[PDB]
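Beneath this line is the structure, given in structure tokens, with notes to follow.
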Amino acid sequence: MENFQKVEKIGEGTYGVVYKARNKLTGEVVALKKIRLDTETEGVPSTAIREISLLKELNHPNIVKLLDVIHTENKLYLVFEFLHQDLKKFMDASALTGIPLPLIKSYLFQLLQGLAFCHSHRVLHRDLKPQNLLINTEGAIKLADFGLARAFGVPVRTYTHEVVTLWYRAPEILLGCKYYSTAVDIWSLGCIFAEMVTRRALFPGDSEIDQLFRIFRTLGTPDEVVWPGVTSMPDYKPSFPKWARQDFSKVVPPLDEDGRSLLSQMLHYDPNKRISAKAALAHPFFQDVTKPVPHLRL
Ligand SMILES: CC(C)=CCNc1ncnc2[nH]cnc12
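With the deposited numbering applied, the sequence shown covers 1 to 298.
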């Protein structure tokens, strides 16, 4: 765009390149995202424009602010508030010592607040992953790209030919449910929570079926007792191997009883039984939550 001076390429997201750019008028550094490469023949649907415009109104201190929407030359650029680091980078940087529990608890608490806010307005993210969880020097964490999947139906091989991670995908999505709920976001967060604690991805599948079988090997193959209606799901197959559920004490050491209790509720098979963001904020796990300052050198 021309009202901005790019100052860097922050990377390549799901929808296009993300640049660090300086707004020439204001002088504020912002995150500029050019949307959808190649696949955009129509002239940018009025429908995505309308969904996006709605997001401009969704403001919360734990939601990365959508500053502007620029449909120029029949192209779309979303201007977001800029944050210096994402959680993926931070975790890689805390690989040897781990992220302290107090920090983990504060980050989870703030994430659940942003989520409860979006969920109350019937807005879903549906593509939560460490990469779109941004952190700053004050101890805050914010959810990036909330509601965009609804605007632009999420693909796997990006314009950069990159393969979209399935590691945080909820089982109802993997089994073909097309009317997914706010529960999908809680499943993803449960997975990110377990990853922060153990310093290893919970379910690093490399194909849809590998993703699903890794979930089954750990949580047990779902049946009609734990998930009523599972066997009627589109991609459900009577030929799925039947695996037993493992003990969470073995899955997420050394998380204490409160954390494991919370995690198991975030990881319920049945989307309807899964804990909501709102109820999770009330869990005993957060009784001693604080807001500590992270360790980052930019
Ligand atoms: C390309 C990508 C995966 C990196 C992280 N994204 C972001 N990085 C930095 N500032 C931002 N503001 C909005 N989104 C932001």
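We put the beta carbon where it would ideally sit given N, CA and C, even for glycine.
Assigned secondary structure, residue i (DSSP; H/G/I helix, E/B strand, else coil)
| i | result |
| --- | --- |
| residue 23 | strand |
| residue 289 | coil |
| residue 209 | helix |
| residue 29 | strand |
| residue 49 | helix |
| residue 278 | helix |
| residue 231 | helix |
Identified DSSP bridge partners for residue i
| i | result |
| --- | --- |
| residue 157 | 163 |
| residue 11 | 18 |
| residue 85 | 135 |
| residue 4 | 23 |
| residue 63 | 143 |
| residue 237 | Paired residue(s): none; residue 237 is not in a bridge. |
| residue 34 | 77 |
Opening and closing residue of the beta strand (DSSP E) in which residue i lies
| i | result |
| --- | --- |
| residue 81 | 75-81 |
| residue 250 | Unbroken run through residue 250 is the alpha helix (DSSP H), 248-251; no beta strand (DSSP E). |
| residue 68 | 66-72 |
Classification of residue i by the beta-carbon crowding that lies within 10 angstroms, buried from 16 upward
| i | result |
| --- | --- |
| residue 295 | exposed |
| residue 74 | exposed |
| residue 107 | buried |
| residue 273 | exposed |
| residue 25 | exposed |
| residue 5 | exposed |
| residue 282 | exposed |
| residue 46 | exposed |
| residue 327 | Shown here, the chain extends from 1 to 298; a query on residue 327 therefore has no answer. |
| residue 211 | buried |
| residue 209 | exposed |
| residue 188 | buried |
| residue 269 | buried |
| residue 336 | Because the chain is modelled from 1 through 298, residue 336 falls outside the range shown and cannot be assessed. |
| residue 13 | buried |
| residue 279 | exposed |
| residue 9 | exposed |
| residue 127 | buried |
| residue 2 | exposed |
| residue 372 | Nothing about residue 372 can be reported from this structure: the residues present for the chain run from 1 to 298 only. |
| residue 15 | buried |
| residue 123 | buried |
| residue 298 | exposed |
| residue 348 | One cannot answer for residue 348 here, as it falls past the ends of the chain, which runs 1 to 298. |
Alpha helix (DSSP H) segment containing residue i, residue limits
| i | result |
| --- | --- |
| residue 119 | 101-120 |
| residue 148 | 148-151 |
| residue 143 | First-last for residue 143: 141-143, but that is the beta strand (DSSP E), not the alpha helix (DSSP H). |
| residue 190 | 183-198 |
| residue 258 | 257-266 |
| residue 172 | 171-174 |
Near ligand 2: residue i beta-carbon under 7 Å from a heavy atom
| i | result |
| --- | --- |
| residue 8 | Within the structure as shown, ligand 2 is missing, the only ligands being ligand 1. |
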